[PDB]
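Undergrad: return atomic coordinates for the entry below.
(one chain, ligands or ions: 5)
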Amino acid sequence: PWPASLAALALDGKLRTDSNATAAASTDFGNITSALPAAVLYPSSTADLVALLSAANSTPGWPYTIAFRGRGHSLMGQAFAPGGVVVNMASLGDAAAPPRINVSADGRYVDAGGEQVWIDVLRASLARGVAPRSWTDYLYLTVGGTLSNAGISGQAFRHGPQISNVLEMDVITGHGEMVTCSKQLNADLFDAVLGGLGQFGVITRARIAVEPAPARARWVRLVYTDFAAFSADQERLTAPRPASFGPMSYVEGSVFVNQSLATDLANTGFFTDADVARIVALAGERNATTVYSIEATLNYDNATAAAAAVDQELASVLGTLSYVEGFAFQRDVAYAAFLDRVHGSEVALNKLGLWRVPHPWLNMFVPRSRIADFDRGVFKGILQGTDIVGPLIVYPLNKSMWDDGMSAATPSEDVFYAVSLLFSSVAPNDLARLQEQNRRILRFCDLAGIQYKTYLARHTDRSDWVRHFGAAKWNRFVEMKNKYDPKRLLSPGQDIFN
Ligand SMILES: *Cc1cc2c(cc1C)nc1c(=O)[nH]c(=O)nc-1n2C[C@H](O)[C@H](O)[C@H](O)COP(=O)(O)OP(=O)(O)OC[C@H]1O[C@@H](n2cnc3c(N)ncnc32)[C@H](O)[C@@H]1O
Ligand SMILES: CC(C)=CCNc1ncnc2c1ncn2[C@@H]1O[C@H](CO)[C@@H](O)[C@H]1O
Ligand SMILES: *[C@@H]1O[C@H](CO)[C@@H](O)[C@H](O)[C@H]1NC(C)=O
Ligand SMILES: *[C@@H]1O[C@H](CO)[C@@H](O)[C@H](O)[C@H]1NC(C)=O
Ligand SMILES: *[C@@H]1O[C@H](CO)[C@@H](O)[C@H](O)[C@H]1NC(C)=O
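TA: Numbers count the residues shown, from 1 in each chain. Ligands and ions are numbered 1, 2, ... in the order given. Below is the structure:
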């Protein structure tokens, strides 16, 4: 027997069971795993989400698991509800009125629907001359989606991840209750949801911190053949100064294996063919099996003197660095063009049919004390003699900017690196080889005693999830699961309680 509000959803054609609806909600960006749901919900308002969740909590013996599909950018089925209900979150922003993105009157924050995509949040913010401070590398992800993970890019060293830039949220819990939460009101829910992997409820609104919007970004790449010099410089650029950070707005890095050096440098979309030839020659002179590049930006406004001031600030910063003499490469773009840089890769890759392919990506957080060991064992070790398709990204993060009371798991050290090995599969023989190579990398780390944390991955064993969060932090995670999703129906694709 169905409650009136739940039956109303089916009657209005919002709760779909057809082949076309279930098939779209059964695959993800990973393109490795699949699971068909029993039903797909297309909510028109947040009231439709209250209906589904309150029914689930009131109905005894309710057998349907519920997932919240943002953009389905998940790698391993985290957004699926096998034989359950998939919420097509994007349907919340169908009606042009009322707007789902609203910049505050004071210009200090932006209210965004949980289903909203970061690219839309950027356009609506820029219209009011402001912008969020902390991003993801790719903008076609949802607010609620990135917030359930962490949300990291080159700005996270100084502003913390996206989870550290939220004032408050509207969350519909597993009980079906609409709860507004922050550090002052319902803090236990607020902390649980942020990096909470969709286990405690659905985010319908997030209040995101903004800053005055810069007009342009001076964008630089610095080349190294020495890992010690590369990592020391990334740490110098991101070091807290005697809370306070240096002049750089964004700091990331790239690893290039010698075998496909020329191809991979050309595929950055940054280097010219003249730059590529110089770097390839440098590699050969140094007899390097790997090349490294720091990617950094300096944000600046439309001011008349700004460009000349940027040249002097950049010259000063570069003078403190140890990249190979004369291997500094500069570009100058509009801020939105820099932020949306990755969308261009999606368009080109999809047209070649190389976007909707398996993505056995390896993403982890490695403590700073073990990064050189990771470089030897992985970049100069395991990965050598293999044909790599996709970028290899490495950059440091400051633990002081992460809130350990939140759900997201990080290493114990003050400095840790985001390590993102973004492999794209070329054939089924290549998929199995890549999946085995990831197991080998993790086995190498475990045997070397490297205390890493995975990011964007879902564990299949209970002992692995307990090690992920840490035993004490696991106890709080369970305490919160019992308070907000006692029936254990939310985001079953994480394989934590399902
Ligand atoms: C595909 C991709 C992903 C990606 C990226 C680049 C590409 C091409 N670059 C990233 C980066 O630079 N930094 C970063 O932190 N992450 C990056 N990612 C990964 C991305 O964060 C994840 O894929 C993430 O899941 C967000 O994607 P999406 O918005 O598409 O969400 P989902 O995959 O459908 O679901 C993720 C889990 O969260 C739950 N969920 C989703 N929305 C909500 C809301 N509103 N409230 C509560 N829970 C929610 C889903 O149930 C699922 O468990
Ligand atoms: C933590 C995670 C999952 C991060 C994922 N981010 C990215 N995902 C996919 N492609 C990327 C990413 N960053 C840069 N590129 C492309 O990589 C090259 C950058 O050198 C360019 O082609 C750029 O567009
Ligand atoms: C992967 O994508 C291809 C091409 O779009 C499709 O044939 C296949 O079903 C997908 N596999 C999974 C497991 O999602
Ligand atoms: C780099 O790769 C090329 C083949 O692309 C090879 O001729 C050269 O020996 C390699 N250098 C090192 C140092 O491994
Ligand atoms: C060049 O590097 C390769 C691989 O690291 C090694 O086999 C060789 O000893 C090096 N050659 C010289 C002349 O140092």
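Undergrad: show me the contacts for the spatially most central residue of the chain.
TA: The central residue of the chain, meaning the one whose C-alpha is nearest the mean C-alpha position (C-alpha atoms, centre = their mean), is residue 151 at 4.1 Å. Listed by C-beta atoms under 8 Å, 6 or more residues apart in numbering, the contact set of residue 151 reads 134, 135, 136, 161, 162, 163. All C-beta spots, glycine's among them, are computed from the backbone N, C-alpha and C.
Undergrad: using JSON lines, lay out the residues you listed together with neighbour count and secondary structure.
TA: Below are the contacts of residue 151 laid out as JSON lines (neighbours: other C-beta atoms under 10 Å; DSSP: H, G, I helix; E, B strand; the rest coil):
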{"residue": "134", "neighbour count": "26", "secondary structure": "coil"}
{"residue": "135", "neighbour count": "26", "secondary structure": "coil"}
{"residue": "136", "neighbour count": "22", "secondary structure": "coil"}
{"residue": "161", "neighbour count": "29", "secondary structure": "coil"}
{"residue": "162", "neighbour count": "29", "secondary structure": "helix"}
{"residue": "163", "neighbour count": "25", "secondary structure": "helix"}
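Undergrad: and residue 350, how many residues sit next to it?
TA: Residue 350 has 12 neighbouring residues, counting by other C-beta atoms under 10 Å.
Undergrad: then the one 10 residues further on?
TA: The criterion is other C-beta under 10 Å. On that basis, residue 360 has 24 neighbouring residues.
Undergrad: quick check: it touching residue 436?
TA: No: taking contacts as C-beta atoms under 8 Å, residue 360 lies outside contact range of residue 436: 9.5 Å.
Undergrad: and residue 40, bridged to which residues?
TA: Residues in a beta bridge with residue 40, per DSSP bridges, are residue 16, residue 86.
Undergrad: which secondary structure element contains residue 366?
TA: For residue 366, the host element (DSSP states H and E) is strand 362-367.
Undergrad: helices and strands around that strand, which ones?
TA: Based on contacts counted as 3 or more C-beta pairs under 8 Å, 6 or more residues apart in numbering; DSSP states H and E, the elements that strand 362-367 packs against are strand 415-421, helix 428-447, strand 453-454.
Undergrad: find the nearest non-adjacent residue to the residue nearest to the centre of the chain, please.
TA: With C-beta to C-beta, 6 or more residues apart in numbering as the criterion, residue 151 has its nearest non-adjacent residue at 2.6 Å, and that residue is residue 162.
Undergrad: with residue 327 instead?
TA: Spatial nearest neighbour of residue 327, chain neighbours left out: residue 223 (3.8 Å); criterion: C-beta to C-beta, 6+ apart.
Undergrad: need the three-state assignment for the one you found.
TA: For residue 223, the reduced secondary structure class is strand; criterion used: DSSP: H, G, I helix; E, B strand; the rest coil.
Undergrad: got a list of what it touches?
TA: Contacts here follow C-beta under 8 Å, 6+ apart; on that basis residue 223 touches 279, 282, 291, 292, 293, 323, 324, 327, 329.
Undergrad: now, which of those residues lie within strands?
TA: 291, 292, 293, 329 (DSSP state E).
Undergrad: outline the domain layout of this protein.
TA: Structural domains annotated on the chain: 1-88+456-498, 89-215, 216-455, as defined by curated CATH domains.
Undergrad: for the ones you listed, which one ends up most surrounded?
TA: Comparing the domains of the chain by mean neighbour count (mean count of other C-beta atoms under 10 Å), domain 89-215 ranks first with a mean of 21.
Undergrad: that one spans what distance, first to last residue?
TA: Using C-alpha to C-alpha, to the nearest Å, one end of domain 89-215 lies 32 Å from the other.
Undergrad: test my guess that residue 195 contacts residue 150.
TA: Yes: applying C-beta under 8 Å as the test, residue 195 and residue 150 come out as touching, 5.4 Å apart.
Undergrad: overlap in contacts, these two.
TA: Residues touching both residue 195 and residue 150 (C-beta under 8 Å, 6+ apart) are 163, 408.
Undergrad: related to what we said a few turns ago, farthest pair in the contacts of residue 151?
TA: Maximum pairwise distance in these, criterion C-beta to C-beta, is 12.6 Å, between 135 and 163.
Undergrad: and the spatially closest residue to residue 474 that is not a sequence neighbour, helix, strand or coil?
TA: Leaving out its chain neighbours, the residue that sits closest to residue 474 by C-beta to C-beta, 6+ apart is residue 466, at 4.9 Å. Here residue 466 is recorded as helix under three-state DSSP.
Undergrad: residue 466 contacts residue 472, correct?
TA: No: contact status for residue 466 versus residue 472: not in contact, 10.4 Å apart, counting by C-beta under 8 Å.
Undergrad: returning to that earlier point: any idea how far residue 271 is from the residue nearest to residue 327?
TA: Between residue 223 and residue 271 the distance, using C-beta to C-beta, to the nearest Å, works out to 9 Å.
Undergrad: overlap in contacts of the two?
TA: In the contact map built from C-beta under 8 Å, 6+ apart, the residues linked to both residue 223 and residue 271 are 279, 329.
Undergrad: skipping adjacent residues, who's closest to the closest residue to ligand 1 within the stretch 351-498 of the chain in space?
TA: Closest approach of the stretch 351-498 of the chain to ligand 1 (C-beta to the nearest ligand atom) occurs at residue 491, with a separation of 3.5 Å. Leaving out its chain neighbours, the residue that sits closest to residue 491 by C-beta to C-beta, 6+ apart is residue 198, at 3.3 Å.
Undergrad: do residue 62 as well
TA: Spatial nearest neighbour of residue 62, chain neighbours left out: residue 56 (4.9 Å); criterion: C-beta to C-beta, 6+ apart.
Undergrad: what's the helix or strand hosting that neighbour packed up against?
TA: Assigned by DSSP H and E, residue 56 belongs to helix 46-58. Here helix 46-58 is seen to pack against helix 4-11, strand 39-41, strand 66-69, strand 85-88, strand 166-173, strand 201-212 when contacts are counted using 3+ C-beta pairs under 8 Å, 6+ apart.
Undergrad: who wins for proximity to ligand 4 among those?
TA: Each of those was scored for nearness to ligand 4 using C-beta to the nearest ligand atom, and the closest is strand 66-69 (42.3 Å).
Undergrad: what about that closest one, distance to the chain center?
TA: Averaging C-alpha coordinates over strand 66-69 and over its chain gives two centres that are 18 Å apart (C-alpha atoms, centre = their mean, to the nearest Å).
Undergrad: same question, stretch 306-323
TA: Here the centre of stretch 306-323 is set off from its chain's centre by 30 Å, with C-alpha atoms, centre = their mean.
Undergrad: and for stretch 349-362?
TA: In terms of C-alpha atoms, centre = their mean, the centre of stretch 349-362 is set 17 Å apart from its chain centre.
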